[PDB]
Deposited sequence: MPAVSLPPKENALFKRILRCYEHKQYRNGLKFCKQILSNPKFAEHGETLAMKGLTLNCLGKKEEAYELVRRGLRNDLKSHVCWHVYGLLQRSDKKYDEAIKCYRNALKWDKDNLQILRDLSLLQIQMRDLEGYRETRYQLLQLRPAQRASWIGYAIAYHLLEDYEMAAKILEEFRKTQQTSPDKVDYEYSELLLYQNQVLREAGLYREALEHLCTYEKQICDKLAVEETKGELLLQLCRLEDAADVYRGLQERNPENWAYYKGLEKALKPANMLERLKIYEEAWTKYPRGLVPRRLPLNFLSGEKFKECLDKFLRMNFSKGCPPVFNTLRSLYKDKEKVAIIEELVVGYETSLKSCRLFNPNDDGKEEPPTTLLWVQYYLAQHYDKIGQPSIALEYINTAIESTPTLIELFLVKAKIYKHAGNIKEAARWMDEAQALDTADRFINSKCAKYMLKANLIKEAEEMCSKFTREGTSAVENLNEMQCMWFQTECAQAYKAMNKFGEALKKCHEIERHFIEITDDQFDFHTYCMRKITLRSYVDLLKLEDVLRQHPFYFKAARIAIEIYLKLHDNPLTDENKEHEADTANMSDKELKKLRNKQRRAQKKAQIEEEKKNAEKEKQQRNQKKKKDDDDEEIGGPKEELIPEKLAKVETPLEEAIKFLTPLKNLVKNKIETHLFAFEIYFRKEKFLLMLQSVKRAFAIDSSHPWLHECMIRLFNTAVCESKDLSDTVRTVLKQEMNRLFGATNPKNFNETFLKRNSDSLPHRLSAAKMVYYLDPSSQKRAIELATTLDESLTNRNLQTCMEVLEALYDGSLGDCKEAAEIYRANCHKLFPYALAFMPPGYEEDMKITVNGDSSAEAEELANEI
């Protein structure tokens, strides 16, 4: 209000305009604006014009807001009010960086302004201007040293900069003033302490943290956090005796938390496989209801102790009749030997149960009811599905459906069978069945909708989801209202499977809009968490948001979009499918989708192979080399990565150098380090001849080099002897698509001797059935 210097009547008016804005008396504030602006002497008066525009913006009249705030500002560019309003206005449009400039300019003319300092800092942390947030939080603490928020923010400033020790000293200072105060909430103090402890730990001051935790432990009420970080620290300090006590208490508190079993193994250090099993034995007899202690030894036991435990585990689970027994053991199925122990044992259980309703003929216990046999048949149905024997699995599920036609789980597994066997259209009808058996269960509804989606019955999936969708609007619009990315990702794949690239891109883009929205959702907790002192979770959320697009949903969407934008480059508010497929620069839009992957998903080989495809079409040979290398670091023998090097090696040798002879020779020195392309391919096929996914990548590549040995390409690609390490349904679909593909030149001849040769191998798979 000092920035404004007006006659009393208007100075009074002006104060009312500010007050109307704070109390959202917009219609009344507007009247006062017009009163000042109607007097000719102040029709140009900048702060009233700025305050006019900001009020208008609250009523959704953005462009008149921008005319007014801009015009008002220009009349008085040394008014902190005008600069502050322009920042305020640009903030409501999430243009946070530009808002920062206006606040900094406003403080050029009002250095110690409390509101602008708070607003400015609030955006600096939002944008991760960590240096500037510390300046701003420091400036605040000097002006308002007795306000808790002044210290909280200063400490947070240094923590996020990783100046752990300064963060430590600010926090201890604040903690002293909070021990004395009577206004202190136990919970808020407790949270302050665990945050103070966490920074000490993140600074690797492990013993200081432990002494702190023991000093203030009785004033910390989150006793889970007390004991969990006590165990962490005691292990870190080699207090293994005391660590074991801590983790024994933890396991009593929650016997179904894996972490405390690994803490005990770290504390006790069992020397042999049986000393380690003692840890879990003791947990059983102490927590007989618990299932985690009886499951985890199956991961490390072997030999006859493995089958004894498995025998106890399956008998328990088959008598209690719980469904997810097979699900719990799927990780054991990576061990080819354990699977035989399972198969011989469960198969034995069935043959024994029919001759005499006992798990083994020599068992003493009372006879098992008929349900016990259904559960082993339900297991073996899932077991033979995983083994890759569809028909053998499909007979078990059908015997069991005939015995108890009421148990919905058998219809899901029957659907899973037909899916795994490459017949999703069949799988879909079994979900429809299962779904109609419990109209009330959305979990079944979703799986039906999902299977219908994958079967490209998109409109049928909408109507199925609609059974749980809000009755106001249509189902797709409510799923997007509720940030349902499983439906939208699965929908984008379906739309992409039917060459409806426009509609798929619409779904891919709606998923990004969700991640934008979630990224913005942090804004309100910046201040909230300073009054709540939930600082651990606050910094956890800040760290979460910094890598938010690491989530599987983003990658699933981004993959689909990048595939479509490449296929649209090879052959060419409101998201309209038609307009989105029309994009004049498809590779540029793909780049926008790839950028978060390049930063946050360097784990995956795909993020570099995709990047390669964008830069390969985009001519950029420097970026093309960057992508092949990071992929080579992850898996040197990857079949897609192989196809990518053979395409880079030769477009360097063959044509369009158009760069410094160093850029033209750097690839010659770098690729001859990582001789000749054709023998480079032959050696790949040499080392990886047994593998087929590799074998095809060689096969297409030898056709890339010449069309003459196409016939040999066709024979190396269509090998189907069981010698092959990875000859499965989806790879064979890859090979036969590769003949229609054109990547093997017009092989309609071998394509149908291949479709029919594959129909005999996967008789349920649809991709291989006669016309």
Stretches with no C-alpha position, numbering per deposited sequence from 1
573 to 639, 742 to 744, 842 to 866
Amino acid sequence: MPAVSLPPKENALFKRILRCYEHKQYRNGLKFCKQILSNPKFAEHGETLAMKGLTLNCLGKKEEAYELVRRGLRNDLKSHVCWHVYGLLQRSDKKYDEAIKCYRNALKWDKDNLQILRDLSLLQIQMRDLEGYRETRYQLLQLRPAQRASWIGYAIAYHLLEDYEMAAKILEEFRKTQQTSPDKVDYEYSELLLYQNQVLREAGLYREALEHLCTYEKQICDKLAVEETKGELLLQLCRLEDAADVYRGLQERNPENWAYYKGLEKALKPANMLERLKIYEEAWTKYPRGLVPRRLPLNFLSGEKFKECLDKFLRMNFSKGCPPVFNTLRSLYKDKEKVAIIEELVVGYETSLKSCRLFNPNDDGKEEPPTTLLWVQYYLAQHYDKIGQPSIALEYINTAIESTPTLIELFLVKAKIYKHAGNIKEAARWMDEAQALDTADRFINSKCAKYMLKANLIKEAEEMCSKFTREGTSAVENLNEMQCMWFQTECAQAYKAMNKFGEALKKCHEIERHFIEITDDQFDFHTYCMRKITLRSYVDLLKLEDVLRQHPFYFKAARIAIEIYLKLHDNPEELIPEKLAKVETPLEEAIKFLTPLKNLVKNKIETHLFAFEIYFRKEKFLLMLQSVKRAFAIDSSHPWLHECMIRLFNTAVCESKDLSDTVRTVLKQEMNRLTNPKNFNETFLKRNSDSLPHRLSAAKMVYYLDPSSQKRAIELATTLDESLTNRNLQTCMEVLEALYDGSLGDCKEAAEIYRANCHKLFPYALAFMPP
From here on, numbers count along this sequence of modelled residues.
If you average the Cα B factors in the entry, which is higher, 504 to 512 or 359 to 367?
359 to 367
Averaging the C-alpha B factors as listed in the entry, name the stretch that ends up higher: 727 to 735 or 51 to 59.
727 to 735
Per the entry's Cα B factor values, which of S466, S637, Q522, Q251 stands out as the maximum?
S637
From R207, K678, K543, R91, the top C-alpha temperature factor is at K678
Divide the modelled residues of the chain into thirds by Cα B-factor and specify which third, lowest, middle or highest, holds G742.
highest
Within this chain's modelled residues, let me know which third the CA B factor of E573 belongs to: lowest, middle or highest.
highest
Using only modelled residues of the chain, where does the Cα B factor of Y66 rank: lowest third, middle third or highest third?
middle
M645's Cα B-factor: lowest, middle or highest third of the chain?
highest
B-factor third for the C-alpha atom of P297 within its chain
lowest
